């Protein structure tokens, strides 16, 4: 399994990816990924149990969640793998990512509705079902709520941080995980959600297929961090209330630990690392 930069996909790979995503949506499987993500987004708290984000397990949790999604795509078309979006490089609304043959573009100004590409509500193929309000159409406002995506230089400043995570292991932490997540510092992952706008800025963000490509690049940055810091590893390593330690299992699967997910090469490689 090779995860490739979205920008590099051939026309045929884009076609097959889009078709597999639309079939997961048609069959009902897609929306349960949105529902699982939302359940953790709303339940993880800085003062209590926290697993899928604002916590050291943000990275291994999303690595397994993305492997579940990729495996579902592969059950529809075994040639498809999850591409990643390097938002530090492909940083404008004119990027090929946002072309009508791939994810479609920004939303119109009146109601944010995406009007082109395979996921536009007008196609009849992308109902927004798992939602927090009456609107049932995909929305985006690319660059609307924040002016710029992160730059390579900003990403490097986070990749340089040696500690994986630090007590109190939440949105107040110093360290790599919380700077990549973005609750502190120059802000990488959260800022991308805000930049896309629409459902990506909400607690039902997998409603936009870009979710997966964003998180596949965040996953790649974890892998790059590891190669920058072969001497540094996941923390905590045992006995931490409310937080997933290295060898504890993670909800919802219950049968996998952070330790089982540190080495991505057991499951896929990247086009370049």
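Each form is matched to the other, and the largest set of C-alpha atoms that superpose within 1.5 Å is called the rigid core. Numbering follows the first chain given and starts at 1.
Averaged over structures and residues, the CA distance from the shown form in 9 other deposited structures of this protein after a core fit is larger for 132-140, of the two stretches 132-140 and 79-87. Just going by the entry, 30-38 versus 222-230 on mean CA temperature factor gives the higher value to 222-230. Between 134-142 and 158-166, it is 158-166 that carries the larger average Cα temperature factor according to the deposited entry. Residues shown: 82, 200, 103, 93. Highest C-alpha temperature factor in the entry: 93. Between the residues 120, 186, 194, 128, it is 186 that shows the highest Cα B-factor in the PDB record. In the PDB entry, residue 179 places in the middle third of its chain by CA B-factor.
Among the modelled residues of the chain, residue 71 sits in the middle third by CA temperature factor in this PDB entry. In the deposited entry, the Cα temperature factor of residue 115 places it in the middle third of its chain's modelled residues. Split the chain's modelled residues into thirds by C-alpha temperature factor. Residue 261 is in the middle one. When the modelled residues of the chain are ordered by C-alpha B-factor, residue 208 sits in the lowest third.
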